[PDB]
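To keep things clear, I will list the structure first and then write my remarks on it.
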Amino acid sequence: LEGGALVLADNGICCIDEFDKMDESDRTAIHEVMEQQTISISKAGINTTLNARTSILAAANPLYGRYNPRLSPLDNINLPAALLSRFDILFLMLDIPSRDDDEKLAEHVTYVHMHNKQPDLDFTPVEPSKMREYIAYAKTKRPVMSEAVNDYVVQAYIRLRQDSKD
Amino acid sequence: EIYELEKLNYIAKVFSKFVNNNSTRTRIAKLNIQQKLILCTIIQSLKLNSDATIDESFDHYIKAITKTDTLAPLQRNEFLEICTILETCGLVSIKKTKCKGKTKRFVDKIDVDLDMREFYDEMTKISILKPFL
């Protein structure tokens, strides 16, 4: 029994490039590990279960390549409600042409194509080992919420539900 | 006596009393941005050109503020005080008009002295009423 990409990457980042270019068979298995970390398969080979704590990173594009301001986002995004309802953070990285802000992106790409060095800001870019060690040290922490943050959380949730509840 | 008080100058003094709020001092009447919201709320209720009650206006005020969540829905009692701020400047008048069910019963019908041409200028400067139009 050979294996896919969700089994060699057990505890970590599982990324998907071109999310809308896939099919229903990929989506039905991605949504199953997106909801809860246990996959169960019952085919003529085996009827077994296996766990895979993974974090899904997805990169997608709309139906016509770019966005459409005359179209609704439920019609602009071809993904169904159960897929993005499970998605807590969706980033609409939309590009808008401007006069002032485009020059900084052009200056930054010409600066990184001129030489490998980053711009002269008063900050030094940290190497991968130090923040890898920081992520491994921060992962053992178990924070507990208080009551003063509890009364803010429930009021913001009630207001967000009423505002979201066309 | 003005030149005695100061120890057609006055016709100039008296006409600016009458010409203004529609061109300029409309925003003087609505320093509150919600007062700008409630002023457009009246005109959206004027589609049903009826006896524009303070309740039917409050009906369209809630059912729009639940769609666009610009502010929380406020009280009817607050809705009573805020429309009177619109009243004392001289924009909208309130009268106790006629409904003849039991007796001569008095529901309050409003009327606005503004036009949509003098509305559309002062709302494109504020894109928070732009959801509401």
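Numbering starts fresh at 1 for the residues of each chain in the structure tokens, the chains themselves are lettered A, B, ... in the order given, and ligands are numbered from 1 as they appear.
In plain terms, chain B touches chain A through residues 63, 64, 65, 66, 67, 68, 69, 70, 71, 72 and 73 of chain B, where touching means an atom at most 12 Å away, counting only C-alpha atoms.
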Mind dumping the selected residues with C-alpha atoms as a tab-separated table (two decimals), in the first residue's frame?
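Dumped everything to result_19.tsv:
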```tsv
chain	number	residue	atom	x	y	z
B	63	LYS	CA	-34.12	46.56	8.99
B	64	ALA	CA	-31.30	48.38	7.22
B	65	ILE	CA	-28.96	48.55	10.24
B	66	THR	CA	-29.21	44.77	10.64
B	67	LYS	CA	-28.00	44.36	7.04
B	68	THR	CA	-25.17	46.89	7.12
B	69	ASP	CA	-23.74	46.92	10.64
B	70	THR	CA	-22.52	50.55	10.61
B	71	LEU	CA	-23.76	51.07	14.17
B	72	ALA	CA	-25.79	49.23	16.74
B	73	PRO	CA	-29.57	49.75	16.49
```
All residues 10 Å or closer to residue 30 in chain A, only C-alpha atoms, same chain fewer than 5 positions away omitted, as an MDAnalysis selection string: chainID A and resid 6 16 24:25 35 39 56 83
Restricting it to C-alpha atoms, dump the selection as an mmCIF file, in the first residue's frame.
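Resulting contents of selection.cif:
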```
data_model
loop_
_atom_site.group_PDB
_atom_site.id
_atom_site.type_symbol
_atom_site.label_atom_id
_atom_site.label_comp_id
_atom_site.auth_asym_id
_atom_site.auth_seq_id
_atom_site.Cartn_x
_atom_site.Cartn_y
_atom_site.Cartn_z
ATOM 1 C CA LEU A 6 -0.383 13.718 3.945
ATOM 2 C CA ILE A 16 -1.623 23.208 -1.735
ATOM 3 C CA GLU A 24 -13.724 16.285 -5.923
ATOM 4 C CA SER A 25 -11.631 13.277 -4.814
ATOM 5 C CA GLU A 35 -12.185 19.001 10.062
ATOM 6 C CA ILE A 39 -8.400 9.695 8.029
ATOM 7 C CA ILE A 56 -3.420 23.252 5.626
ATOM 8 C CA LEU A 83 -15.120 24.400 2.712
#
```
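Pairwise distance (CA of residue 50 in chain B, CA of residue 101 in chain B) equals 16.6 Å.
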Contacts of residue 79 in chain B at 10 Å (only C-alpha atoms; same-chain gap of 2+ positions) as a PyMOL selection string: chain B and resi 38+54-55+57-58+61+73-77+81-84
Keeping C-alpha atoms, export the residues of the selection given above as a PDB file, in the first residue's frame.
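Saved result, out.pdb, follows:
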```pdb
ATOM      1  CA  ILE B  38     -30.768  59.101  10.188  1.00  0.00           C
ATOM      2  CA  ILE B  54     -41.705  57.939  13.566  1.00  0.00           C
ATOM      3  CA  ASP B  55     -42.255  54.172  13.717  1.00  0.00           C
ATOM      4  CA  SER B  57     -39.017  55.354   9.817  1.00  0.00           C
ATOM      5  CA  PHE B  58     -37.849  53.301  12.801  1.00  0.00           C
ATOM      6  CA  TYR B  61     -33.959  52.130  10.372  1.00  0.00           C
ATOM      7  CA  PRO B  73     -29.565  49.753  16.490  1.00  0.00           C
ATOM      8  CA  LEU B  74     -30.588  52.456  18.923  1.00  0.00           C
ATOM      9  CA  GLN B  75     -33.742  53.080  20.914  1.00  0.00           C
ATOM     10  CA  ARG B  76     -37.031  54.493  19.698  1.00  0.00           C
ATOM     11  CA  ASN B  77     -36.658  57.003  22.520  1.00  0.00           C
ATOM     12  CA  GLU B  81     -34.632  62.893  20.434  1.00  0.00           C
ATOM     13  CA  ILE B  82     -32.440  62.683  17.330  1.00  0.00           C
ATOM     14  CA  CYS B  83     -35.206  63.648  14.901  1.00  0.00           C
ATOM     15  CA  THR B  84     -35.944  66.676  17.075  1.00  0.00           C
TER      16      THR B  84
END
```
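The smallest atom-to-atom distance between residue 20 in chain B and any of B:111, B:123, B:90, B:104, using only C-alpha atoms, is found for B:90.
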Helix (DSSP H, G or I) per DSSP on the backbone: members of range 18-129 of chain B, as a count of residues only: 51
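Minimum atom-to-atom distances from A:148, A:71, A:45, A:154 to residue 2 in chain A were compared using only C-alpha atoms, and the lowest value belongs to A:45.
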In chain B, DSSP strand (DSSP E) residues written as number ranges by chain: B: 92-99, 105-112
Residue 92 in chain B surroundings by only C-alpha atoms, 8 Å radius, close-in-sequence under 5 positions cut, as a PyMOL selection string: chain B and resi 86-87+110-113
Residue 86 in chain A environment, 9 Å, only C-alpha atoms, sequence neighbours closer than 5 positions dropped, as number ranges by chain: A: 31, 34-35, 81
Residue with smallest distance to residue 41 in chain A - pool A:149, A:128, A:61, A:28, counting only C-alpha atoms: A:28
